[PDB]
2 protein chains.
Amino acid sequence: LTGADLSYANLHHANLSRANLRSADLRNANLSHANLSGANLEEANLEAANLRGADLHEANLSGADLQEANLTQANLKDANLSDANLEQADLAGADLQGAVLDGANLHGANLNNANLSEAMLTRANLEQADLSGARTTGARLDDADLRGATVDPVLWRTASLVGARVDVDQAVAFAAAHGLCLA
Amino acid sequence: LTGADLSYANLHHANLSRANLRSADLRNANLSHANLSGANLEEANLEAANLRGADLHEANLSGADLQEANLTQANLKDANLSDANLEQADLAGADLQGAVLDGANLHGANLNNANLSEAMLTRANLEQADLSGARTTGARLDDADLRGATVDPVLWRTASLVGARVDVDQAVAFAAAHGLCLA
C-alpha cells in the first residue's frame, strides 16, 4: 500500500490490480508479469525495477520515476505516464496504445518495436531514444524533443510533429520521407 | 506566318491572335502588349524578345526558345510551354495559372510574384530560379529540380514535390515549413 518500502521485493506474477501504491518505494523490485492494471503508482519510485511482461493497462504512473526500468513487452495500454521519468528505460515491444506521456522524460529510452499508436507524447523528451520499428499511427509528438533519436522514415509521415525539435539530419530525413530527393 | 524571319521586329500592341508562327524567328522582337492569345509559337525562337504585358493565354509555346526573354506581367493562362526553354527569362508578375511547363528549362528564371496556381511544372528545371512571392496553390513540381532556387516557406506546404530535387537547406526549410523546430 501507499508509501511502502518495497525495494528489491520479489513480486513477479503478483496480483496487484487496482492496488494503491502511490509514492511507494519499488526500486529494484521484481515485478515481471505482475498484474498492475488500473493500479495507482503516482510518484512511485520504480528505478531499475523489472516490469518485463507486466500488465499496466490503465495504470496511473503520473510523476513516477522509472529510469533504467525494464518494461520490455509490458502492456501499457491507456496508461497515464504524465510527467513520468523514463530515462534509459527499456520499452522494447511494449504496448503503449493510447497511453499519455505528456511531459515525460524518455531521454535515451529504448522504444524499439514499441506500439505508440495514438500515444500522447506532447512535450516529451526523446533525445537519443531508439524508435526503430515503433508504430506511430496517430501518435502526437507536438513540442517533443527528438534530437539524436533513431527514427524510421515512416514516423515522419504518421506522427504529428508541430513544434517538435529535430537535428538537421532528421529535418533532411523528414523531407526525404515526404518524397523529396537529396540525390 | 510560319518560319518567318521577324528578328528585331517592331510588333508591340500588334494583333496576332491565333497566328501561325510555328518555327518563326522572333529573336529580339518587340512584342510587348501584343495579342498572341491562342497563337501557335511551337519551336519559335523568342530569345531576348520583349513580351512584357503580352497576351499569350492558351498559346502554344511547345519547344520554343525564350531564354532571356521578358515576360513581366504577361498573361500565360492555360498556355502550353511543354519543353520550352526559359533560361534566365523574366516572368515577374506573370500569370501562369493552369499553364503546362512539363520538361521546361527555367534555370535562373525570375518568377517573382508569378501566379503558378495549378501550373504543371513536372520535370522542370528551376535551379537558381527566384520564386519569391509566387502563388503555388495546386502547382505540380514533381520530379522538378529546385536546387539553389529561392522559395517561400509556403511553397513547401502547397506544391506537390514528389521526386523534386532540393538542397540540404531547402530540405531543412521544408521541415520548418511543416512545423518542425531546428531552434
Side-chain angles (χ1 to χ4, degrees), chain A residues 101-107 111 116 119-129 131 134 136-183, chain B residues 101-107 111 116 119-129 131 134 136-183:
Chain A
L101 299 101
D102 179 69
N105 178 22
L106 284 136
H107 192 130
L111 287 153
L116 300 175
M120 300 290 133
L121 290 128
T122 58
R123 265 170 332 196
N125 183 285
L126 284 145
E127 292 181 50
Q128 323 265 68
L131 285 96
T136 46
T137 300
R140 286 216 160 258
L141 274 67
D142 307 283
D143 292 315
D145 196 346
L146 280 162
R147 288 173 295 156
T150 306
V151 353
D152 299 334
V154 64
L155 186 137
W156 305 127
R157 295 189 294 262
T158 56
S160 50
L161 295 153
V162 182
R165 323 197 65 233
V166 300
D167 298 320
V168 167
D169 296 320
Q170 299 172 309
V172 172
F174 176 90
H178 282 89
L180 274 60
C181 255
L182 281 298
Chain B
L101 299 101
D102 179 69
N105 178 22
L106 284 136
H107 192 130
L111 287 153
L116 300 175
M120 300 290 133
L121 290 128
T122 58
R123 265 170 332 196
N125 183 285
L126 284 145
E127 292 181 50
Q128 323 265 68
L131 285 96
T136 46
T137 300
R140 286 216 160 258
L141 274 67
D142 307 283
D143 292 315
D145 196 346
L146 280 162
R147 288 173 295 156
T150 306
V151 353
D152 299 334
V154 64
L155 186 137
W156 305 127
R157 295 189 294 262
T158 56
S160 50
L161 295 153
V162 182
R165 323 197 65 233
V166 300
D167 298 320
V168 167
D169 296 320
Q170 299 172 309
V172 172
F174 176 90
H178 282 89
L180 274 60
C181 255
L182 281 298

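Chain A is the first sequence line, chain B the second, and so forth, proteins listed ahead of strands; every chain is numbered from 1.
Put simply, of A:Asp142, A:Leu180, A:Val162, A:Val172, the one with the most heavy-atom pairs under 4.5 Å next to chain B is A:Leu180. Ranked by heavy-atom pairs under 4.5 Å with chain A, the list B:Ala176, B:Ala171, B:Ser160 is led by B:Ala171.
Aromatic ring pairs are classed by plane angle as parallel below 30°, tilted from 30° to 60° and perpendicular above 60°; the pair B:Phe174 and A:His178 is tilted.
Only the backbone of B:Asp167 comes within less than 4.5 Å of a heavy atom in chain A; its side chain stays farther off.
Annotation for A:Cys181 and B:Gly163: closest pair CB-O, 4.1 Å, computed over non-hydrogen atoms. Counting all heavy atoms, side chain and backbone alike, B:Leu182 lies closest to A:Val168 at CD1-N, 3.9 Å.
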